[PDB]
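Working notes, beginning with the structure itself.
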Amino acid sequence: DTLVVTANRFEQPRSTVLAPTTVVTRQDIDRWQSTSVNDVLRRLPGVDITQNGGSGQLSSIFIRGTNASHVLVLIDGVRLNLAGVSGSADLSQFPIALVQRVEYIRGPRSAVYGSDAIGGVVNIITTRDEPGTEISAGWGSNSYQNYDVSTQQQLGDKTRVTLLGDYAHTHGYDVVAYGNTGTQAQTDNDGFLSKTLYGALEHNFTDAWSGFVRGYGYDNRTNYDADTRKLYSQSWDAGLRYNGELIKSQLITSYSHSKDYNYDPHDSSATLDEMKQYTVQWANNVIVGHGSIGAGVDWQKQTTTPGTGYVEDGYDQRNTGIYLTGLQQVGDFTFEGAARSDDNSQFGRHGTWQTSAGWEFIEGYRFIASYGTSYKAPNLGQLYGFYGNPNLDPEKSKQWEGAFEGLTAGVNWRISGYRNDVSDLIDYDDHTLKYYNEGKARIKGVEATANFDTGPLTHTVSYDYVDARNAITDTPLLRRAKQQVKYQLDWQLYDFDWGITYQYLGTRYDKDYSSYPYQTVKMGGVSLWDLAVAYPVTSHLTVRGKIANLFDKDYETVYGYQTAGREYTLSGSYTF
Ligand SMILES: CCCCCCCCOCCOCCOCCOCCO
Ligand SMILES: CCCCCCCCOCCOCCOCCOCCO
Ligand SMILES: CCCCCCCCOCCOCCOCCOCCO
Ligand SMILES: CCCCCCCCOCCOCCOCCOCCO
Ligand SMILES: CCCCCCCCOCCOCCOCCOCCO
Ligand SMILES: CCCCCCCCOCCOCCOCCOCCO
Ligand SMILES: [Ca+2]
Ligand SMILES: [Ca+2]
Ligand SMILES: [Ca+2]
Ligand SMILES: [Ca+2]
């Protein structure tokens, strides 16, 4: 699709969004045959994701060079629950079987959404309009197994129902470990089992007035090393929507409750984390000329259990923000903007804002200037942990960005450079065994994308340069590749749909924890290749297969944790 929602909360056509943005749909994923959300995001511009091995293992998403907690991940609009305890997003446990759509807008959006939107935003949408029931599942190269039953149907005039179950499981391959593990080893394939359940009830009172109720949860258990971690999550949403010709409005609610254990192996000696986050937001938008204007109020409650986050007492964190959005188109120029004020139960008030203007100085070509401001809340652990500091302020970012975007000779392209200066970075002082706000980073980047067709061939290429450094010491930051290259090539032929995807993961610096003291290591970086194919046996059956890492490239995204290697997958789906 070409109209997202994530930018200002309500539908608008992407072309109207001045910030770089990307959309992935459910048809994409099925094609891509992704078995995990990281797989999907790893493909898109500006994304650098690392992982302690295969599937289920902790992972980190760095967008355009920012720390891993500097990305806001929303599910169906709402701040990712899993991110709550740690103050940092990791989709590693989120069920891909719930993903219907994803919308990703890079750059700051705190001025719309609050804390965490620094690098950009990620909005995983779990909703579809696609009636019928579908059965599917697959088999693969490490006992990977999956099966899943889905269906959406009508329940009479104006009400529709959605139901879904899915179970995927693939014991692993040992992810060695290094640094961690200590004395012995872990000669054991570290599996992950995920079982999901999802149900939605959508209701139109009228042609404009709508309503819904969803409920979903998953029970995961993905063993790691140097320990089996068992995770339960459930979330609940319900809202009303009015969508008129001129006036749009939404009122939304949600509650998610998570329980994240790790044993064992076999009680006593295990840290359970438990969070309950409560959200209510109200937002309006109206069409005004060739533009819109908008505002909403947005409230949050997160309360944690004692022991959670390795923090002494339970905590009850509250936040309320209020913001204003605008888009106007005039003549050849475009203006878009937002401003927010947030009142946090801990640090108080902090406001934020962004503007961008574009000039289409010649048909099909557009020059865009953006300046935007964002923030990142301190987390429990910096606040109330053994080394805590309850008076921390938020970490603060300023970004400037220029772009040229245009359609020339059958090819759509864009090229941006941004600068991101982060400040008040929450860092630990050995001197006082406390955290304080003090660090700086400067990030210097370049994104270039392009898609275009040449015969039955479709190309979708992207390139990123990230110079992310500690601004005081002038040194590169770790865990981040300076350069990635991503290319997808799609084409059909006889009745076979093909896709080859190529990635080059640049060279990164990390640390070697196997042993103290902990030395920095330079990882060379590689090229990876996956190949995929599907074929409609009938009109109802489609069979696919995939070779991932088609050559057998050995590499790590995190020093010491072994990655998959070449895996095979054979899969199918049956719609009726
Ligand atoms: C009705 C409020 C519209 C602006 C809300 C966000 C504005 C935040 O800073 C924007 C101002 O700085 C540049 C002003 O010129 C264009 C503002 O953006 C036009 C919004 O469509
Ligand atoms: C919706 C429009 C919001 C406009 C945001 C941009 C304007 C921000 O003003 C200046 C930013 O820094 C604010 C402090 O102003 C100067 C502080 O000087 C006094 C120091 O004690
Ligand atoms: C309708 C809600 C309006 C939200 C706009 C405020 C967003 C944050 O303010 C703009 C950026 O921050 C500038 C404010 O910082 C200066 C604070 O000045 C406070 C002096 O009381
Ligand atoms: C940084 C981006 C620079 C953009 C320069 C584009 C300027 C003009 O580009 C296209 C102009 O059209 C001429 C190219 O071929 C014309 C095709 O039109 C067919 C009949 O005239
Ligand atoms: C308008 C898009 C800028 C195009 C990037 C390639 C051309 C660069 O020209 C000079 C190179 O600048 C060196 C810095 O490179 C990274 C800087 O990125 C953004 C920091 O301002
Ligand atoms: C990129 C400079 C040329 C002007 C834009 C060309 C359109 C780019 O589309 C292709 C992008 O795919 C890889 C681009 O690599 C070229 C630029 O990398 C330069 C970094 O300074
Ligand atoms: Ca192991
Ligand atoms: Ca193990
Ligand atoms: Ca035009
Ligand atoms: Ca120091």
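Letters for chains follow the order of the structure tokens (A, B, ...), residue numbers begin at 1 for each chain, and ligand numbers begin at 1 in the order shown.
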What does the list of residues within 12 Å of ligand 2 look like if you count only C-alpha atoms and all ligand atoms, written as a PyMOL selection string?
chain A and resi 111-112+294-295+322-326+336-341+350-355+371-374+398
Within 10 Å of ligand 5, which residues show up when you count only C-alpha atoms and all ligand atoms? List them as a VMD selection string, please.
chain A and resid 367 to 369 399 to 405 414 to 420 442 to 448 465 to 467
Can you pull out every residue within 10 Å of segment 492-509 of chain A, counting only C-alpha atoms, but drop anything in the same chain fewer than 3 positions away, and send it as a ChimeraX atom specification?
/A:31-32,42-43,48,456-458,460-465,476-489,520-537,543-544,546-550,555,557-559
Counting only C-alpha atoms, what is within 10 Å of residue 262 of chain A, bar same-chain residues fewer than 5 positions away, as a PyMOL selection string?
chain A and resi 221-224+227-231+267+269-273
Please write the residues from the selection above to a file, keeping N, CA, C and O atoms, as a short mmCIF file (atom, residue, chain, number, x, y, z; two decimals), in the first residue's frame.
data_model
loop_
_atom_site.label_atom_id
_atom_site.label_comp_id
_atom_site.auth_asym_id
_atom_site.auth_seq_id
_atom_site.Cartn_x
_atom_site.Cartn_y
_atom_site.Cartn_z
N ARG A 221 8.79 -20.21 25.13
CA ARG A 221 9.84 -20.82 25.96
C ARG A 221 11.03 -21.15 25.10
O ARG A 221 11.09 -22.16 24.44
N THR A 222 11.96 -20.24 25.08
CA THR A 222 13.11 -20.39 24.26
C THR A 222 14.36 -20.47 25.08
O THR A 222 14.83 -19.46 25.56
N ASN A 223 14.89 -21.67 25.23
CA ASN A 223 16.10 -21.85 25.98
C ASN A 223 17.27 -21.10 25.37
O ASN A 223 17.41 -21.03 24.16
N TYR A 224 18.12 -20.56 26.23
CA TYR A 224 19.37 -19.96 25.80
C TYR A 224 20.58 -20.68 26.39
O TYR A 224 20.60 -21.89 26.39
N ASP A 227 19.82 -22.50 31.04
CA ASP A 227 18.74 -21.55 31.32
C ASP A 227 17.66 -21.55 30.23
O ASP A 227 17.94 -21.46 29.02
N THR A 228 16.44 -21.78 30.69
CA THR A 228 15.30 -21.74 29.83
C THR A 228 14.47 -20.57 30.28
O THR A 228 14.12 -20.44 31.45
N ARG A 229 14.15 -19.71 29.34
CA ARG A 229 13.38 -18.55 29.70
C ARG A 229 11.99 -18.70 29.21
O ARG A 229 11.78 -18.90 28.03
N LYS A 230 11.04 -18.66 30.13
CA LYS A 230 9.66 -18.84 29.74
C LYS A 230 8.82 -17.56 29.85
O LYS A 230 8.81 -16.87 30.86
N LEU A 231 8.16 -17.22 28.75
CA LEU A 231 7.48 -15.98 28.64
C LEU A 231 6.04 -16.12 28.31
O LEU A 231 5.67 -16.82 27.39
N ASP A 267 11.86 -22.89 40.24
CA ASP A 267 11.83 -23.02 41.72
C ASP A 267 12.48 -21.82 42.41
O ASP A 267 11.99 -20.68 42.34
N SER A 269 15.69 -19.46 42.79
CA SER A 269 16.87 -19.01 42.07
C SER A 269 16.46 -18.74 40.64
O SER A 269 16.80 -19.52 39.74
N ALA A 270 15.73 -17.67 40.42
CA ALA A 270 15.18 -17.42 39.11
C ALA A 270 14.46 -16.09 39.18
O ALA A 270 13.85 -15.78 40.21
N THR A 271 14.61 -15.28 38.15
CA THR A 271 14.09 -13.95 38.23
C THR A 271 12.88 -13.73 37.40
O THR A 271 12.96 -13.76 36.19
N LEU A 272 11.73 -13.66 38.01
CA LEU A 272 10.59 -13.44 37.18
C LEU A 272 10.36 -11.96 37.00
O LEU A 272 10.34 -11.26 37.98
N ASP A 273 10.15 -11.49 35.76
CA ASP A 273 9.72 -10.09 35.62
C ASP A 273 8.27 -10.04 35.26
O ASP A 273 7.82 -10.90 34.50
#
Could you list, with a cut-off of 12 Å and counting only C-alpha atoms, the residues of segment 107-130 of chain A near segment 161-178 of chain A, each shown with its nearest atom pair and the distance in Å rounded to one decimal, rows sorted by chain and ascending number, as a tab-separated table?
residue	atom	partner	partner_atom	distance
A:126	CA	A:162	CA	10.8
A:127	CA	A:162	CA	8.9
A:128	CA	A:162	CA	8.9
A:129	CA	A:162	CA	9.6
A:130	CA	A:162	CA	9.7
Atoms to include: C-alpha atoms. Write the selected residues as a PDB file, in the first residue's frame.
ATOM      1  CA  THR A 126      -2.123  -7.142  13.577  1.00  0.00           C
ATOM      2  CA  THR A 127      -5.324  -6.456  11.800  1.00  0.00           C
ATOM      3  CA  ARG A 128      -6.515  -7.494   8.370  1.00  0.00           C
ATOM      4  CA  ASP A 129      -9.375  -7.246   6.082  1.00  0.00           C
ATOM      5  CA  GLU A 130      -9.188 -10.585   4.422  1.00  0.00           C
TER       6      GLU A 130
END
Counting only C-alpha atoms and all ligand atoms, which residues in chain A sit no more than 8 Å from ligand 10? For each one, give the nearest pair of atoms and the distance in Å, sorted by chain then residue number, as a Markdown table.
| residue | atom | partner | partner_atom_place_in_ligand_line | distance |
| --- | --- | --- | --- | --- |
| A:428 | CA | ligand 10 | 1 (Ca) | 7.7 |
| A:429 | CA | ligand 10 | 1 (Ca) | 5.1 |
| A:430 | CA | ligand 10 | 1 (Ca) | 6.1 |
| A:431 | CA | ligand 10 | 1 (Ca) | 6.3 |
Contacts of residue 107 of chain A at 8 Å (only C-alpha atoms; same-chain gap of 5+ positions) as a list in words:
residues 19, 20, 117, 118, 119, 120, 121 and 399 of chain A
Show which residues sit within 6 Å of residue 215 of chain A, as a PyMOL selection string. Count only C-alpha atoms, and ignore same-chain residues fewer than 4 positions away.
chain A and resi 198-199+235-236
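Selecting alpha helix (DSSP H) from the backbone DSSP output for segment 242-407 of chain A yields residues 380, 381, 382, 383 and 384 of chain A.
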Selection above as a file: N, CA, C and O atoms, as an mmCIF file, in the first residue's frame:
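Wrote it out as out-v8.cif, contents follow:
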data_model
loop_
_atom_site.group_PDB
_atom_site.id
_atom_site.type_symbol
_atom_site.label_atom_id
_atom_site.label_comp_id
_atom_site.auth_asym_id
_atom_site.auth_seq_id
_atom_site.Cartn_x
_atom_site.Cartn_y
_atom_site.Cartn_z
ATOM 1 N N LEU A 380 13.611 1.751 34.838
ATOM 2 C CA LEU A 380 13.513 1.367 36.233
ATOM 3 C C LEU A 380 14.858 1.288 36.819
ATOM 4 O O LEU A 380 15.168 1.819 37.923
ATOM 5 N N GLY A 381 15.591 0.437 36.113
ATOM 6 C CA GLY A 381 16.908 0.014 36.488
ATOM 7 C C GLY A 381 17.866 1.164 36.632
ATOM 8 O O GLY A 381 18.752 1.080 37.450
ATOM 9 N N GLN A 382 17.737 2.230 35.849
ATOM 10 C CA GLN A 382 18.648 3.380 36.038
ATOM 11 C C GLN A 382 18.108 4.234 37.175
ATOM 12 O O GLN A 382 18.784 5.051 37.775
ATOM 13 N N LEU A 383 16.878 3.951 37.519
ATOM 14 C CA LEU A 383 16.220 4.785 38.402
ATOM 15 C C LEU A 383 16.191 4.233 39.738
ATOM 16 O O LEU A 383 16.413 4.934 40.710
ATOM 17 N N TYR A 384 15.874 2.958 39.776
ATOM 18 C CA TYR A 384 15.709 2.368 41.075
ATOM 19 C C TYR A 384 16.551 1.113 41.408
ATOM 20 O O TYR A 384 16.357 0.431 42.441
#
Which residues sit within 12 Å of ligand 9, counting only C-alpha atoms and all ligand atoms, listed as a PyMOL selection string?
chain A and resi 15-16+329+331-334+358-366+405-407
With C-alpha atoms retained, write the just-selected residues as an mmCIF file, in the first residue's frame.
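Result written to again-v8.cif:
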data_model
loop_
_atom_site.group_PDB
_atom_site.id
_atom_site.type_symbol
_atom_site.label_atom_id
_atom_site.label_comp_id
_atom_site.auth_asym_id
_atom_site.auth_seq_id
_atom_site.Cartn_x
_atom_site.Cartn_y
_atom_site.Cartn_z
ATOM 1 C CA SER A 15 3.574 10.514 -0.629
ATOM 2 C CA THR A 16 2.215 12.939 1.850
ATOM 3 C CA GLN A 329 0.036 21.479 1.044
ATOM 4 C CA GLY A 331 1.457 25.164 -4.281
ATOM 5 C CA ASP A 332 4.623 23.243 -4.792
ATOM 6 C CA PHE A 333 5.493 23.093 -1.119
ATOM 7 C CA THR A 334 4.619 20.757 1.598
ATOM 8 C CA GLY A 358 9.274 19.819 0.907
ATOM 9 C CA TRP A 359 9.634 21.578 -2.358
ATOM 10 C CA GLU A 360 8.691 19.631 -5.499
ATOM 11 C CA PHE A 361 10.764 21.941 -7.700
ATOM 12 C CA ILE A 362 10.103 19.929 -10.756
ATOM 13 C CA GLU A 363 7.534 17.460 -11.429
ATOM 14 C CA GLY A 364 8.473 14.063 -10.051
ATOM 15 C CA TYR A 365 11.294 15.519 -7.951
ATOM 16 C CA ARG A 366 11.360 16.724 -4.496
ATOM 17 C CA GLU A 405 13.568 12.005 -3.871
ATOM 18 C CA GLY A 406 12.453 11.592 -7.378
ATOM 19 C CA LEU A 407 11.070 9.490 -10.144
#
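All residues of protein, DNA or RNA that reach within 6 Å of residue 53 of chain A, judged by only C-alpha atoms and not counting those fewer than 4 positions away in the chain, are residues 57, 175, 561, 562 and 563 of chain A.
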For the residues in that selection, give me N, CA and C atoms as a compact mmCIF listing (two decimals), in the first residue's frame.
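selection-v8.txt was written with the following content:
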# COMPACT_ATOMS: atom_id res chain seq x y z
N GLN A 57 16.40 -15.84 20.71
CA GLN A 57 17.42 -15.22 21.46
C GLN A 57 17.32 -13.73 21.48
N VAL A 175 24.49 -22.02 19.49
CA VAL A 175 24.87 -20.64 19.66
C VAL A 175 26.15 -20.42 20.47
N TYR A 561 28.22 -15.62 19.57
CA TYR A 561 26.97 -16.34 19.51
C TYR A 561 26.93 -16.86 18.12
N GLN A 562 27.01 -18.16 17.90
CA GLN A 562 26.81 -18.70 16.55
C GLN A 562 25.40 -18.51 15.90
N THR A 563 25.40 -18.07 14.62
CA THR A 563 24.21 -18.00 13.76
C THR A 563 23.90 -19.25 12.96
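In this comparison, which uses only C-alpha atoms, the residue of A:47, A:37, A:472, A:125 approaching residue 91 of chain A most closely is A:37.
The interatomic distance for the pair atom CA of residue 83 of chain A and atom 6 (C, counted along the ligand's line) of ligand 3 works out to 25.5 Å.
We find atom CA of residue 310 of chain A and atom CA of residue 345 of chain A to be spaced 20.5 Å apart.
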Here atom CA of residue 257 of chain A and atom CA of residue 217 of chain A stand apart by 9.2 Å
Of A:181, A:299, A:24, A:54, the one nearest to residue 79 of chain A when counting only C-alpha atoms is A:299
From a backbone DSSP assignment, name each residue in segment 161-298 of chain A labelled strand (DSSP E), as JSON, numbers by chain.
{"A": [161, 162, 163, 164, 165, 166, 167, 168, 169, 193, 194, 195, 196, 197, 198, 199, 200, 201, 202, 203, 204, 209, 210, 211, 212, 213, 214, 215, 216, 217, 218, 219, 220, 221, 222, 223, 228, 229, 230, 231, 232, 233, 234, 235, 236, 237, 238, 239, 240, 241, 242, 243, 247, 248, 249, 250, 251, 252, 253, 254, 255, 256, 257, 258, 259, 260, 261, 262, 273, 274, 275, 276, 277, 278, 279, 280, 281, 282, 283, 284, 285, 286, 287, 291, 292, 293, 294, 295, 296, 297, 298]}
